[PDB]
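One structure is given below, encoded as structure tokens.
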Amino acid sequence: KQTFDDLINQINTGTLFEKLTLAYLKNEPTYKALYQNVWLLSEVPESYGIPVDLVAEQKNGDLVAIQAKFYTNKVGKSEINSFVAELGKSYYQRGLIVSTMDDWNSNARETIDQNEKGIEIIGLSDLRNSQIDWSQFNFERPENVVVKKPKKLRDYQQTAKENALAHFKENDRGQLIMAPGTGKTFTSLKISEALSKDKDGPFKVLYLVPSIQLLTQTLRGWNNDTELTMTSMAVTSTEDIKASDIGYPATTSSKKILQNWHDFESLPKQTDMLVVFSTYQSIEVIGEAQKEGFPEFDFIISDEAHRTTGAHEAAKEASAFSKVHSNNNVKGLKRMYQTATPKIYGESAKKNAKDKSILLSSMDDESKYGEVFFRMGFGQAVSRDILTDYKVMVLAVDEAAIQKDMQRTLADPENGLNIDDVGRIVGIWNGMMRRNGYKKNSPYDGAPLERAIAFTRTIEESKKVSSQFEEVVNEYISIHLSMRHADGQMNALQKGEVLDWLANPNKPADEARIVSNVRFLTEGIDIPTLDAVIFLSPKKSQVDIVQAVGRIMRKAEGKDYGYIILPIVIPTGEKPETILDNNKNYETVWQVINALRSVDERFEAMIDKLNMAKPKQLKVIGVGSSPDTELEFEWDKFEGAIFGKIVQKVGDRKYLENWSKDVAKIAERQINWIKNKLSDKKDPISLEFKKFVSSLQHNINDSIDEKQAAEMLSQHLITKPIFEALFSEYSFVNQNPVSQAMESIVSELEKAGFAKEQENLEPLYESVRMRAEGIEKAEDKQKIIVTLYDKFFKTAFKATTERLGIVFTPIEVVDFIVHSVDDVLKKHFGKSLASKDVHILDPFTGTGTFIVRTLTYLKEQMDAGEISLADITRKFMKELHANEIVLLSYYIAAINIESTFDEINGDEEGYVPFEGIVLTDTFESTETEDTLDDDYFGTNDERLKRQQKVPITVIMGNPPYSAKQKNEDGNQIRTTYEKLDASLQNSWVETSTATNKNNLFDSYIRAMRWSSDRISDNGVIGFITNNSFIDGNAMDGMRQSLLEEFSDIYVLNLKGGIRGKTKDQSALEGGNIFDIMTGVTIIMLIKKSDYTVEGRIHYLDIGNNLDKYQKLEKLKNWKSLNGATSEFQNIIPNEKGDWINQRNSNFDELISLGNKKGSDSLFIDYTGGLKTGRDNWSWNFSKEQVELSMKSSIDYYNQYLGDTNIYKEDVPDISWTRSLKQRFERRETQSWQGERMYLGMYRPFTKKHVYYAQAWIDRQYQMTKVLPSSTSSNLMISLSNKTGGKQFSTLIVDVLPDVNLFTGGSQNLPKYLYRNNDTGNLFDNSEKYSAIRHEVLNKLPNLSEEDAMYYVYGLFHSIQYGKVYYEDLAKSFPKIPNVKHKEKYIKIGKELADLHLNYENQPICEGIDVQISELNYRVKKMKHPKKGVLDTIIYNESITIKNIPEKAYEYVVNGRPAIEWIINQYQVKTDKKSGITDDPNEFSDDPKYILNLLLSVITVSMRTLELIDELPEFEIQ
DNA sequence: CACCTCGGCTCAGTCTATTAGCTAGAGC
DNA sequence: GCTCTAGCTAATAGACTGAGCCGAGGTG
Ligand SMILES: [K+]
Ligand SMILES: [K+]
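Numbering (the authors' numbering) for the first sequence: 12 to 24, 34 to 71, 77 to 262, 273 to 474, 478 to 515, 523 to 673, 689 to 1577.
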């Protein structure tokens, strides 16, 4: 195993050096391509020259005078003066010195730099690091040498080549991203070589690169690895190497460049490639060459392209860097930009900014940079074992500790050292020793690092540390490590020497070696054995930091990890809140952090992980004195604060939501691909895909379309790889039945050319994988999936469906139910959740919370020693079940349950798949099965069949609430289940007394009915459901049936209902648990076969004025039903079937005002308000706007009439209703009817225009009998069908009332009714008659027909009537009594009726003050100046009202004051989706209309209140 | 039947206005 | 590179409707 050192030490103990040089010059690849032949100057042919140790003839025809000196002394001019004289001849073009001594005087360097012909120097290190194998070369001198094996390209490099070729056929620009040490300089060669094949003739390349050292390596590198013949040109025009050290004929000017091509053109046999290695500075010179007729380039490579934006360089040089992007400077057909860090991060100019990590540069301008055609991430490289993973160790040395023990070094002033310089030295030592610091017995983590490079800001510092290093460490008190220094004042030979000294493998053990500098060894020879890179102080250029960090990536046999060490002194007295941001010393930490953000793609994920766990790549070490308390004490606080500061200040980590955009676009491609192949109904793979939909249809629903199949398939392709990364260490092959069936259909499509496009999302998978790496808890893994749901999945699924909804049920609610189900089983059934053959089921598992917290409950019991792990194992393996219809929820649920069980069984056994989960429609499961044999999901529906035959005694869950689609334009078909809906009918619908039984087929009500059926004779049901069934009108039948089935019904009402509630009502409801508007309740059902009487009801109200957090704390405190049984109260249902707010009084004895079935009521008939089903189109302040909206709808309707497909669009042109769709499908053409425009009251005291035409109205009800034509006159008392808890109110109306004029649908009691006058005259075809029934008037004696309205209307305003029958009015249509003295009511009623009909026109009140600054009566939005002040109103900028009486606001109609109705309704608003605006200023000709309206209402309010006082004492008979 | 018209009553949050906190820009 | 400022970006607070769709009732 001889080395180059052995050869040289042999020459030490003439011609033998002339031989090494000759062996080198004829075989070193780059000089094999430069020189045609080489020889000693004795065998030089006689045909040229005059009687220097060597001579060389290059293919140009020019000769070169080579000197082969073997000295042991300082090179003086005496050693050189002879050779330069011999080089003086005309026949010599140049010379080349092969020096064997790295020390050169000032004279020798100047003369060589100035010599016109040009001289290049080579040294020992150049021979050492040559491609020659000196171990197999011998001084027997056979003159046969072994050239080292050239580089072989790898799979990822081969891929980059494939992508480069493919991409550069369509575009002229593309960028190449590859992590450091992976091989992007060698890779670009094979890209150029591959491109060369298409071009017949020579292939001309331009390789740009910032440094000269970096030019030498690229030139030599390409010549070493080229498989083609190559002609090279080194063009040249802050520690860096000089152009004399290139070892290659340097090209000075544009004149020389052109001279080189004319020689290349006049060459007998032109080479395959003519590459010109140039610096970014010399672009000017190459431009002048192209200007003077130098040909354009076939390929322009831009190395270190992240600097080509120009912002990182000095203003002088910065211009040169950016000049590459345009052909104006350098013409080229195509150009490739290669870098390791396309995005550069760093510090902002502001010191006190919150964000310490901001993007400085970026190659996001894809116009000049093109797009990325290949990206080999650092994390990806570590994954495939291409690079070693790094470890950042911040070791904070204690100033207090050092100042004590290092006082000797601090004292001696002959040293230029302070606490910082000494803190740096102990930091280096402790860093290289891998010290553990402030915690095992051992002080170090492992064997010491042997090779490193330290980086300082100044040469003075670098010299300061290294020079006195040996002495300082001795005072500090194994291994003996030495230091060195290097700077730009050295030449290339010395530099090559120090790097060989560092990298020397003959280095003994117990000796480590460090080298210090500033910017000198940032670029240089790769040494894989380099163990660490130390940063001792901040740097000017961040680009240097990024370069330095990449020096440890390469793989070495001994290197497990690369290390980058940050010696930092903490100033004694430092606080943890200010530890890392408020001082210059800490700057170096943020530079490194920003450097990794640029290099490592999973670095953002690494910081998001710091929240719950400390990753392996980061380490904060507390260093005090050497081995055998001030910061030791609070170290745990300081260590944690450092990580906290990182997480806090590194800004804007958006990797998940950025990649989600890329993911959505792939899904769009995949789905389109399917659509195309499905067009070929005959195509063979399309048949296989039909069986896949058929399989989904068998397991789930008939409704599953061919599209929804492609949607599910795409969603699977997104989730599967993420879960693989999220749970890396499980049984390698996926054991999930549904997942396996999904891979079978995909592989089926892969035969047809379909691919997953997974190559690009590898950076994403790497990020996810890092979030989960060190995490070892199920509860933590669940938290990651939640963030993935929030940041990634919603956006990623946008291509398939724009709305994604998964309910994460609050854990306090789930625990309460699981706790109490166990309580119920013991007391009522004498069993437990843990008991044998007690099968639990969650039909709507979602995320799997209920099954999970069931397992954690059994765990807590196992801890107490109540049951075994054999019991829990039994439940998990046999008696736990779960159903989900959504695929994402299914995957989350399966993994969540499998993950949490694996934690419960400790190390008792490994990962076990959960067989209880099934992908189904549970409502469809109990329906009659139909045909499928060949089932992709045959293993999945097999699980269902096992579940079907199991007797279920427990059902938990949070079923989906859905009574109806929100709007018809959505075009959602509600699902049908014959067997279930039939049961639901026969029990809860047939028994209901309501006119409308819509909501009884709500999913949550379906879930209850399904659960009831499933239990059969004995069991328990525990849900969290919609509130409505407790006090809903259509549920009275249901409420009665539950008592018959179940022995016990525990109801814990969590309230939280906002919709249709007053401010007074909403306050008691409090905050909502799910942050929704519907109320919610926990309900526990228990049925027993030996319980034959009506069950009892246990009701508990959580409380009033509670936010959601307070409601959950109460559930947590209680833990169970038993814990809250004290606050529980029993409920006795009345005859009507009410549980809460029970009706009492004589209400049914009173006289009916209206009755659709029967002639008992006072009014012969009444009508509900007009219901359009499209208010934005039908209702508007502007009569013109309505016409425009409706004529648009008619023209749209008629244009596509009959065509059902446009239902899928949802345009602003038209709003659909079931009624209209039926007409649409029935081919009924429509036409505008101007006569059908009405004036009507939309909201109280708010008149609008309506297009009341039958075809465009959902429900006109009995309006044809009340207001036949637009000009019809009538009088109708309007009021809500049911107040629903509101204070009773009414408003007499002269115009067409809207259905929602009052809540719960308005109901209008008319004065007259209209019948056909039985004469054929369409202009006059309606006779009117009184609507009062006479028989009832007898039952109301002393009341004439003419006064009925004024009597009813006068009575409605009595405070007593509303108060006494408040609960009756809340759940029923008003009924009227017979009072002693009616004349009091009739008289009062008439005054109010006249007042309220003339509400628009009324005198202004006494003490009001109207202020008009300028005459502008338009209104945008009326307001109170500040919230709560009623005595003033701001009409607009110019007009304000002042001194309004506050009592006026006591007049309330519906659920809002009369004054506030005007404020609410009269404002300019625009519906976004429809794009229709409702301007109240367009209602009237009078600009002062709305102002005078308000002023009128103010007095109308007051008058009404006065008249309400004069109403008599409410007496019966 | 065959097909239309009528009677409800209930509905798994979404908007606008405010405002603390932070930054990007202008002149030094 | 700073010190101040008017302007955005967030969370944070505050305000708060229209119409679907099962089933009964009509009519020739
Ligand atoms: K000192
Ligand atoms: K385990």
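Ideal placement from N, C-alpha and C gives every residue a C-beta, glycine not left out.
Residue i in three-state terms, based on DSSP
i: residue 1541; result: helix
i: residue 82; result: strand
i: residue 258; result: strand
i: residue 1369; result: strand
i: residue 618; result: coil
i: residue 104; result: helix
i: residue 758; result: helix
i: residue 1338; result: strand
i: residue 612; result: strand
i: residue 1161; result: strand
i: residue 1215; result: coil
i: residue 637; result: helix
i: residue 59; result: strand
i: residue 1471; result: strand
Extent of the continuous beta strand (DSSP E) to which residue i belongs
i: residue 528; result: 525-530
i: residue 1207; result: Taken as a continuous stretch (DSSP letters only), residue 1207 belongs to no beta strand (DSSP E), as it is neither H nor E.
i: residue 1319; result: Premise fails: residue 1319 is in no beta strand (DSSP E) and is neither H nor E.
i: residue 312; result: 308-314
i: residue 667; result: 663-668
i: residue 1190; result: 1189-1191
Cutoff 7 Å; reference residue i; Cβ partners in own chain excluding five residues on either side
i: residue 330; result: 229
i: residue 567; result: 589, 592 and 593
i: residue 596; result: 491, 575 and 578
8 Å contact criterion, which residue i and residue j should meet: CB distance rounded
i: residue 646; j: residue 713; result: At roughly 12 Å, the Cβ-Cβ gap does not stay under 8 Å, so residue 646 and residue 713 are not in contact.
i: residue 1047; j: residue 1101; result: 5 Å
i: residue 980; j: residue 1004; result: 6 Å
i: residue 1140; j: residue 1114; result: 5 Å
Delimiting residues of the alpha helix (DSSP H) encompassing residue i
i: residue 336; result: Careful: residue 336 lies outside any alpha helix (DSSP H), inside the beta strand (DSSP E) at 334-338.
i: residue 706; result: 695-709
i: residue 1178; result: 1168-1178
i: residue 1521; result: 1518-1525
i: residue 555; result: From DSSP, residue 555 is part of no alpha helix (DSSP H); its letter is neither H nor E.
i: residue 11; result: With the chain covering only 12 through 1577, there is no way to say anything about residue 11.
Pairwise C-alpha distance: residue j and residue i
i: residue 1072; j: residue 1081; result: 8 Å
i: residue 30; j: residue 505; result: Within the gap of the chain, which runs from 24 to 34, lies residue 30, and it has no coordinates in the structure.
i: residue 849; j: residue 762; result: 28 Å
i: residue 1197; j: residue 1096; result: 6 Å
i: residue 961; j: residue 659; result: 25 Å
i: residue 224; j: residue 833; result: 48 Å
Own chain, CB closer than 6 Å to residue i, minus 5 neighbours either side, in chain order
i: residue 864; result: 854 and 857
i: residue 1541; result: 1478
i: residue 825; result: 781 and 785
Other residues of its chain near residue i: CB distance less than 8 Å, five sequence neighbours each side excluded
i: residue 197; result: 368, 369, 370 and 405
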